[PDB]
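Structure record follows, encoded as structure tokens.
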Amino acid sequence: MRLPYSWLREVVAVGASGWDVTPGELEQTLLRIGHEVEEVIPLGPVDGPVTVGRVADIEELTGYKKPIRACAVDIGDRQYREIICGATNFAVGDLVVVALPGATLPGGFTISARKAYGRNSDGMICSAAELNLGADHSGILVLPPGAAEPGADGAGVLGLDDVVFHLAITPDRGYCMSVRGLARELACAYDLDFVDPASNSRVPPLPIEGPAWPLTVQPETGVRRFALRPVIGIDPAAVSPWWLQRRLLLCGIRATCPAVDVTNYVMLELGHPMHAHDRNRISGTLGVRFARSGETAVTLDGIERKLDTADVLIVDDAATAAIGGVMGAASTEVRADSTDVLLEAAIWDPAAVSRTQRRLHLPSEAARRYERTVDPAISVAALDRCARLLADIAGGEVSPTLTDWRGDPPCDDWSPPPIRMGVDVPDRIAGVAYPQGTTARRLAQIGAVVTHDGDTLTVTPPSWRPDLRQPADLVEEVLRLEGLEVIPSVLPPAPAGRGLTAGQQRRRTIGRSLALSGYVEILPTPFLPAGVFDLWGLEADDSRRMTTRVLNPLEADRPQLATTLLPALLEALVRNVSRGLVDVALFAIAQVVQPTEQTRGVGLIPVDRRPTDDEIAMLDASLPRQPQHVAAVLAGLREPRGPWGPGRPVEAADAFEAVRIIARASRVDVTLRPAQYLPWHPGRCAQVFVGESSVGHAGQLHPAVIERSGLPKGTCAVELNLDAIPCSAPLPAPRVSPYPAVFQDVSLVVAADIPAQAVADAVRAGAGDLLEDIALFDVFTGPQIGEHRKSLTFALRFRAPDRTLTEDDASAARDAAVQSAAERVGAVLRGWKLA
Amino acid sequence: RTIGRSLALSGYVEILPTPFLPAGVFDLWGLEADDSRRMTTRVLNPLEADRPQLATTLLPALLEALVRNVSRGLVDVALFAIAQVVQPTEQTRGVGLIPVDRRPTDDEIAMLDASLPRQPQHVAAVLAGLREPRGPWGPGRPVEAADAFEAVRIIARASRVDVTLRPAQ
Amino acid sequence: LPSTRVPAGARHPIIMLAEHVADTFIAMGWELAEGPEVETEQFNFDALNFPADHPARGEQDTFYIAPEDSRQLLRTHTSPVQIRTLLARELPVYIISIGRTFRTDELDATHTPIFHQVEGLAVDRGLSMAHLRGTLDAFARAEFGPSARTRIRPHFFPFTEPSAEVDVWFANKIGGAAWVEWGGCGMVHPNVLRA
Amino acid sequence: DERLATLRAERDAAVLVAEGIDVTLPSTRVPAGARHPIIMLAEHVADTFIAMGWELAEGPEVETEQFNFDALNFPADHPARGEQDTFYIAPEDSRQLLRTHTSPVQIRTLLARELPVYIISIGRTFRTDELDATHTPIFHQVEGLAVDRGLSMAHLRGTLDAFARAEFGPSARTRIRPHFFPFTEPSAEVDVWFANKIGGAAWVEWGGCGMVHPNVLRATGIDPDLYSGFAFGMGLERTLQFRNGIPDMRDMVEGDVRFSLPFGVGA
Ligand SMILES: O=C(Nc1cccnc1)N1CCC(Cc2cccc(Oc3ccc(C(F)(F)F)cn3)c2)CC1
């Protein structure tokens, strides 16, 4: 909302004459009581000969791209100057504003008598924007007849010493979308007496003698008030005086004709939107009703609107007269020939206006005020104010008839219910001991009726403050007018908290451990890439395809939420690689979204109580499962090149080691088992287990997936479900025998299909507790042991808890380990030695 | 905390270092008679008569833990410690009793502090044997000086500072 | 000679900022709570005193889960976590919720549709705006240095009353200390407590 | 062309099995290390108290007699000030020693900071005990001190119970019995109810506590008629010994990697 300081000042000055403040101080006062000042715009300075002129001749220059005019302009004292101008929105006889040689316009533009378009031009005719007066629109500024004489000083006529304040009003303060509301706020901030410009001393009531027009209202439309009053015999050729056109311009409204200008003007002054109908274009009774399915209306911009059954209309016998509270209709619109006007002062349902205008994308000046609730007590004051102004400007007569529907039954008292509050509640909420009388004084200032009864205040807010419903609402009024800056800064005592949960600590430890091992964390987008699971070649019934879908994604082809973190990680990997960073290891820790059913919403639970435990469980059960995952991808060199050697390319074993890094960080033991699971390579894919629970997969990606997706060759990947890895808090008590150890190596031949870990497990089971350590040294294949067999050499370390092991006790334990391997995996002993 | 986490992830095992120096350690090291590390605070009543000197350097305690691991057959070891040392700047000087019916003054506090040996925090590490173990990937890789330089870099990254290394004797 | 054969990685700077924020509040006795990013409309809007026809409940600002009118969405703040925590735990409650939140902003230099928020809620007997300011100043000192502090100006949010915007005095640097808008605050609205 | 592709496919599928690996082979070429279990216990203790608003303070292990004994209300001829229990710095009567507790850190903190003060001091302390299964001359202690207006024994018990729950589980709690220390009055010994395990829940002695003695407040310039304070201390090696069931303290101090590695990295 835009308004000029002069207007605001004039309204404040009625009750406090002489009041006047600098723009900087006004800005600061508005910020501290809660109004955001987006911009302070002093009307840009002019200097030198910028004066009113009168166009006395127009010659059309031909031959150029555009139409161009050479104008004789009267600039005062019977002096005429030739001026070239490209605008077309003016005629001979019009008052305009000329910047003549020697003048300077805002932005440092000096005017000189240049030669333009073949003729000499002694200056220019100015637009409102070139004067920094108002919005840049097509054509130059034309002042209304009689506004000033040729030669009058531009700065003074235009009022260029004004300042326009551009505010962003919050939706709880609809009453501030007008000079009435902001001036009242200023009166509160500065402790002034305030004269309400909507009051009866300032808007004396007009006569009330018979209905102004037949009206039916279906009350379930939520209309609260609907008043009409006619003005007859206005001159359709009259234009608004300059003072009115100017204020409209500074508030961002272009003047068009008095009947419309006056409704816009009174809207800005008092905050009650107003509309002017051509009464001779109304056919029969005016009806307020909901639209029907499929119904259409043409608004006064000539655009056809598809209506909704929740849209409230004004109709007559023949057509729609308005989309109520949003925009008037073409059929009753004031036109160039309109002589008899019916003025509409209505109060619509805020939510109804809010839904309708957003559906139609019509955030009009009226709609935005009705959305935030317009004061229903001033409809006839605004109607009367607006009829007088129109009759005076356009030379009509105000008819003494008035329709004023005030509900079924009529409502004669508009203020909200009384609110009841302890006198010191604001002091407690603020942590400030305000002087006595403070909250009652501030609550009267904003217009409430306040009565005292011991220590409890009863507060009845005014009708323009529908936001004041509870004690907290009143606290805010007291605190913001006192100023939040007086509230001290006092650290509370927070309780003895328990710190981070075990899960929270684990997710920190996993991140630290992966980062130290060379992985770089990314923040993964939950919006899956288009067609990713077809690139992966997943089966139609793969659970990962069962995705929750977003209705309004920013990219139409990416509406599916991620069931797996790998797509986001591979997308970051491709990005790094395409920028020349080809040796990369990335990880992410984030939830996924895994629905178990079709989207099911749970109906509104009443908010005047807490939901029950069963309602909470039902809300939870309606959501997709959202477990925490950890995942990582690797490509390129795992070990970089340097003086030590050529480096080492990423291999599947690096993904297995990432599993082990995460398991150590989680303090759990994992086992890895061969698996076939896209998008992994079937021969280089491990499924990961904690106990007998599957927690995810790791290994090298499938070469066909790599190739279809444009991934680096040999890319490896890991994804684990953190929710499936049990919590663990071990309390170790390691036995540390100091007696000497015995070292032996053993080589065992097994079928090639036997996993090395199964052999190690068997060796461990047979050797017993004397076996302190076992490590796989060598995997050897060759023709002399059989084409489908392999030799595994294990280093064994034996140690007794209470004595020096004999080398023969060690060999007894080795014999038992060999036998166990023989019985469990069919191992055959090839040889052993002392290490 | 960050230095300890970073060294532990890189394969080092933390020890709690004894502050009682081994007997004759700086003669074993061949230090000059005027080496500042020989200027030790001494304990009057140590549990071992021949170990009364408090450590000016953490390496002796770390090497003693290293020898212990190695003598028990754990020959591929990397140890670290984070602990204060004791570095006197003068002969033992006591400060007389300040009356306890009041608080000491700021000057008395500074005098008490100035009478104590400097006690800065050190981080140290020792490595021997295989840095990378033997396995199916190959024979492993013995500890080399470059592994000690990398420990410096691990500590510097953990500290968020840049270091440079310069030849020294 | 270079010695680094295992190059260092890096946790994400946003995660590390979140970690520092969390530690700042843990050290004052608060705890951290978490919740789902796909959330019910009940906890994202209704429990937070948004009117039924508030514009935030539309597709212009919020990602909704298909189909239409499913009352399921990507959360627009982490406040539903504090609602869940108020339902689950006994008073008094001092809870930080840090997490991923979603808005229909296009990605550009100063906007992202996926972002991370910290929100705090303290509910106890006799808490005031002064305690709010004290906690905000402690928070500011921890993230911007011992010379930082906050100021508040009146504003509006559906779930607080009174409501304010928070500026932080950013001394350490910026090219010349100035006030920077940091976020929003207020006293939790009685309707939120009732629900 | 029905079967150009079916066995062109099952050709490529056997290329994939021909390049299979044993996914169970060892992969760890940088073996994990380990922060020390006592350091990790200290870290958990510190976090427990940080999360209640306390802060951690540190100080020198070679300390003045002023802060180790005199400021702590030890009489001039108290036996603890002798060579039988305390390591003294040579020569004789130097008023310099290896600290026998971390309390001198709280004295230093009371001198340096404004009240109220809620301070944990964890650190290395020294006693002339021979190293054996349940003693070490070098050990680690946690001591806390809270000094504020209106602190009572009830607040002491609340902090002790919170501490116990954090280190021993939600079923733990503490009990106190009257005892004596020069720096507290009243003084008590703390037992912890060790439920989680032990082979059958029982009370275990954990450490000492009490209300800080008014002479300690006077020697730091604090008015004991306005401020009161509670204090407590426990040994980390002793706590680890009875909580984990570690029978030989020599393992905690000798530096064998086999003691540390089963506790994990500690990141
Ligand atoms: O550790 C131990 N003994 C041990 C022996 C050998 C090996 N392992 C363990 N015990 C046994 C002794 C006991 C002493 C004690 C008693 C009461 C409160 C304490 O805490 C304080 C004291 C003073 C202050 C200050 F404010 F006045 F400064 C602040 N806190 C400390 C601590 C635990």
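Just so we're on the same page: letters track the sequence lines, and every chain starts at 1. Excluded from the calculations below are hydrogen atoms, water molecules and symmetry mates; all remaining heavy atoms, backbone and side chain alike, are included.
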Self-check item: Engaged part of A472(A) at the chain C interface, taking heavy atoms whose separation is under 4.5 Å
Solution: both
Practice problem: Find the one option among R100(C), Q60(C), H116(C), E39(C) whose heavy-atom pairs under 4.5 Å with chain A are most numerous. | Solution: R100(C)
Quiz item: Under 4.5 Å, heavy atom to heavy atom, which residues of residues 601-610 of chain A contact chain C?
Solution: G601(A), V602(A), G603(A), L604(A), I605(A), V607(A), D608(A), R609(A), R610(A)
Exercise. Apply side-chain contact (heavy atoms from CB on, under 4.5 Å) to the pair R549(A) and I65(C), showing each step before the final yes or no.
Key: CA-CA 6 Å; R549(A) 314 222 173 189; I65(C) 300 312; over 6 Å; no
Quiz item: Hey, are the side chains of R508(A) and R11(C) touching, using non-hydrogen atoms and a 4.5 Å cut-off?
Solution: yes
Quiz item: Does a side-chain heavy-atom distance below 4.5 Å link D620(A) with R84(C)?
Solution: yes
Practice problem: Please flag which part of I14(C) lies under 4.5 Å from any non-hydrogen atom of chain A: side chain, backbone, both or neither. | Solution: side chain
Self-check item: Neighbour count >12 (heavy atoms, 6.0 Å) for atom CG, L91(C)
Solution: yes
Quiz item: Is the number of heavy atoms from other residues, nucleotides or ligands within 6.0 Å of CG (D69(C)) greater than 12?
Solution: no
Pair up each side-chain donor or acceptor in residues 518-527 of chain A with any protein partner under 3.5 Å, not counting sequence neighbours, and list the distances.
unit_1, atom_1, unit_2, atom_2, d
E521(A), OE1, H12(C), N, 3.0
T525(A), OG1, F527(A), N, 3.2

Self-check item: Candidate list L561(A), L554(A), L551(A), test side-chain contact (heavy atoms from CB on, under 4.5 Å), partner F63(C), passing option
Solution: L554(A)
Exercise. Evaluate side-chain contact (heavy atoms from CB on, under 4.5 Å) for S128(C) paired with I429(A), printing each intermediate quantity in order.
Key: CA-CA 5 Å; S128(C) 70; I429(A) 297 306; 5.9 Å; no
Quiz prompt | Residue, of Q72(C), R194(C), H54(C), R5(C), that accumulates the most heavy atom pairs under 4.5 Å with chain A | solution = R5(C)
Quiz prompt | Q591(A) side-chain N/O to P36(C) backbone N/O, donor-acceptor pair under 3.5 Å | solution = no
Quiz item: Could you walk me through whether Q470(A) and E161(C) pass the side-chain contact (heavy atoms from CB on, under 4.5 Å) check?
Solution: CA-CA 10 Å; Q470(A) 301 190 30; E161(C) 186 80 27; over 6 Å; no
Quiz item: Is the number of heavy atoms from other residues, nucleotides or ligands within 6.0 Å of CG (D614(A)) greater than 12?
Solution: no
Quiz prompt | From NE2 (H155(C)) to CG (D172(A)), nearest 0.5 Å | solution = 9.0 Å
Practice problem: Evaluate whether atom CZ of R103(C) has more than 12 neighbouring non-hydrogen atoms of other residues, nucleotides or ligands under 6.0 angstrom away. | Solution: no
Self-check item: Heavy-atom donor-acceptor pair, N552(A) side chain to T62(C) backbone, under 3.5 Å
Solution: yes
Practice problem: Specify which of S70(C), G58(C), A8(C) makes the most heavy-atom pairs with chain A at under 4.5 Å. | Solution: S70(C)
Exercise. Apply the test side-chain contact (heavy atoms from CB on, under 4.5 Å) to residues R428(A) and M129(C): give CA-CA distance (whole Å), side-chain angles for both, the deciding distance (0.1 Å), then the verdict.
Key: CA-CA 9 Å; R428(A) 284 169 199 270; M129(C) 293 283 275; over 6 Å; no
Quiz item: Side chain, backbone, both or neither: which part of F43(C) has a heavy atom under 4.5 Å from chain A?
Solution: side chain
Quiz prompt | salt bridge (charged side-chain N to carboxylate O under 4.0 Å, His left out) between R507(A) and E19(C), intermediate numbers included | solution = CA-CA 11 Å; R507(A) 299 186 281 270; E19(C) 185 159 296; over 6 Å; no
Quiz prompt | Under 4.5 Å from a heavy atom of chain A, the part of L32(C) involved | solution = both
Practice problem: Salt-bridge test for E485(A) and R133(C): reply yes if a basic N is under 4.0 Å from a carboxylate O, no otherwise. | Solution: no
Quiz prompt | Part of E59(C) within contact of chain A (heavy atom distance under 4.5 Å) | solution = both
Quiz prompt | Rounded distance [0.5 Å steps], CD1 in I616(A) versus OG1 in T40(C) | solution = 10.5 Å
Kindly list each side-chain donor-acceptor pair under 3.5 angstrom involving residues 145-154 of chain C, sequence neighbours excluded, with atom names and distances?
unit_1, atom_1, unit_2, atom_2, d
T150(C), OG1, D137(C), OD1, 2.8
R151(C), NE, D167(C), OD2, 2.9
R151(C), NH2, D167(C), OD2, 3.1
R153(C), NE, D167(C), OD2, 3.1
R153(C), NH1, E165(C), OE1, 3.3
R153(C), NH2, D167(C), OD1, 3.0
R153(C), NH2, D167(C), OD2, 3.4
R153(C), NH2, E181(C), OE1, 3.3

Exercise. Give me the contact list for residues 488-497 of chain A versus chain C, heavy atoms only, anything under 4.5 Å, ordered by residue number.
Key: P488(A), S489(A), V490(A), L491(A), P492(A), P493(A), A494(A), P495(A), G497(A)
Quiz item: Most heavy-atom pairs under 4.5 angstrom with chain A, which of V38(C), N191(C), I114(C)?
Solution: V38(C)
Quiz prompt | Structural part of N49(C) lying under 4.5 Å from a heavy atom of chain A | solution = neither
Self-check item: Contact check, side chains of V6(C) and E639(A), non-hydrogen atoms, under 4.5 Å
Solution: no
Practice problem: Supply the atom-to-atom distance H131(C) NE2 to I487(A) CD1, rounded to the nearest 0.5 angstrom. | Solution: 12.0 Å
Self-check item: Heavy-atom contact with chain A under 4.5 Å, split by part of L73(C)
Solution: neither
Quiz item: Does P55(C) reach the side chain of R358(A), with side-chain heavy atoms less than 4.5 Å apart?
Solution: yes
Self-check item: Under 4.5 Å from any heavy atom of chain A - which part of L74(C)
Solution: side chain
Quiz item: Contact part of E106(C) toward chain A, heavy-atom cut-off under 4.5 Å: side chain, backbone, both or neither?
Solution: both
Quiz item: With a 4.5 Å limit on heavy-atom distance, are the side chains of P611(A) and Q42(C) in contact?
Solution: no
Practice problem: Nearest 0.5 Å please: distance from the CG atom of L1(C) over to the CH2 atom of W644(A). | Solution: 9.0 Å
